[PDB]
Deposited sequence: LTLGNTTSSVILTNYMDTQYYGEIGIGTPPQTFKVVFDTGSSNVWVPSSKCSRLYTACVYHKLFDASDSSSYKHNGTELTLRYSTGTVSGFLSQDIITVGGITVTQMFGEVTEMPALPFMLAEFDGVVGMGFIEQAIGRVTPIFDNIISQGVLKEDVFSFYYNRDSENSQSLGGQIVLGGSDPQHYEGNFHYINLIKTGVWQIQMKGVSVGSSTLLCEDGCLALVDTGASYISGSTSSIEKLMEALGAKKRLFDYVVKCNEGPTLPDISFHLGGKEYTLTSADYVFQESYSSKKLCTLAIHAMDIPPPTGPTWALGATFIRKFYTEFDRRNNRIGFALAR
């Protein structure tokens, strides 16, 4: 069922690495800073039942079911494994408010939240924008519950991630796209299969020559990821081609050599999606005596999804993204 409504959620941009908006859970609503993540399908927030020996829970907003009159008990255990860490807790149901839309949703109340990486998180939880196929415990994703209401103009949602400034951090539009944040026309790539926001990639070039993904590869379009990521192997080759040094969790260049780095192009569908060094280098200075982090890192995503590349905030900043559930495709347009 299609309606005549679009809703939008204003996002906060924290240092070009984290983008999140707010949702309200319960009656009266308890507000949470959440990441709208196309790379996951579950809704979760920290729980009041999280042991205060997990320091992450002392530093985040906790959902208290005892303060919500609309809460429905469930209790089923839930473990969510990310390539960055793990969270576990139990399932609960309540009313969730997302940019005007009110929806009865099943979500995870996280009771185990490791300091790495959640003490570094500015957000409290996640709103999974993925498909039911990848939903842990086969829980209906929030977008599927919003479609069911038959209120949205289109069975799509789109992302705008701005470059850091005190301006608009970003924007998610549910039910459409916002022409104020893109120019030109959308170029669509069909999903390899329904169930994952993953498209075929046919080459990654450093400069003029296609040095990587020559015989094709996968590209997960991940709104919950900060960077463009590849497998340890691909990133090693890419970084050698750029002249970057490996550290513990990132790659660096001498700050003075950042602007001189070659363009990186991603071959997706029809078009070549080019990022210049200004789009992937955290150019904090131009000093020959300082190191500058790159917005590309290695991430070994496990099968069946991985091995795959992931196009995170680094990519979405340059390219406004529309996620089309009706046609199982992803559209890209140059962001304004």
Missing segments of the deposited chain sequence, listed N- to C-terminal: 1, 167-169
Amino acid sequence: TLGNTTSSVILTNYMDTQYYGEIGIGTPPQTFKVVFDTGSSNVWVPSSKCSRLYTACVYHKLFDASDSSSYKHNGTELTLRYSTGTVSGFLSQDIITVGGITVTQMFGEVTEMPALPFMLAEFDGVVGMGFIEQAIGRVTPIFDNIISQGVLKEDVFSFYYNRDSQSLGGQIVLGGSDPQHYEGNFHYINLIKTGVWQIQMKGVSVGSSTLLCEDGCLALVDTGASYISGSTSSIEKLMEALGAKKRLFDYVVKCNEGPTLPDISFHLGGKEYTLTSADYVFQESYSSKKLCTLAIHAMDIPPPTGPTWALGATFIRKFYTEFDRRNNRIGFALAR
From here on, numbers count along this sequence of modelled residues.
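Here the rigid core means the biggest group of C-alpha atoms that line up within 1.5 Å when the two forms are laid on top of each other.
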Greater root mean square CA deviation, 273-281 compared with 40-48 in 9 other deposited structures of this protein, core aligned: 40-48
Which of 312-320 and 11-19 strays further in 9 other deposited structures of this protein - Cα RMS after rigid core alignment: 11-19
Coordinates absent for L334 in a third or more of other entries: no
Unresolved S167 in a third or more of other entries flanked by modelled residues: yes
Of 312-320 and 5-13, the stretch whose C-alpha atoms average the higher B-factor in the entry: 5-13
Between 95-103 and 117-125 (mean CA B-factor, as deposited), the higher: 95-103
Per the PDB entry, maximal CA B factor within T305, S41, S277, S68: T305
From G169, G207, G75, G224, residue of greatest CA B-factor: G207
Third assignment of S158 from its chain's C-alpha B-factors: lowest
Third of the chain, ranked by Cα B-factor, where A298 sits: highest
B-factor third for the C-alpha atom of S51 within its chain: highest
Within-chain third of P141 by Cα B-factor, per the entry: highest
Lowest, middle or highest third - CA B-factor, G85: middle
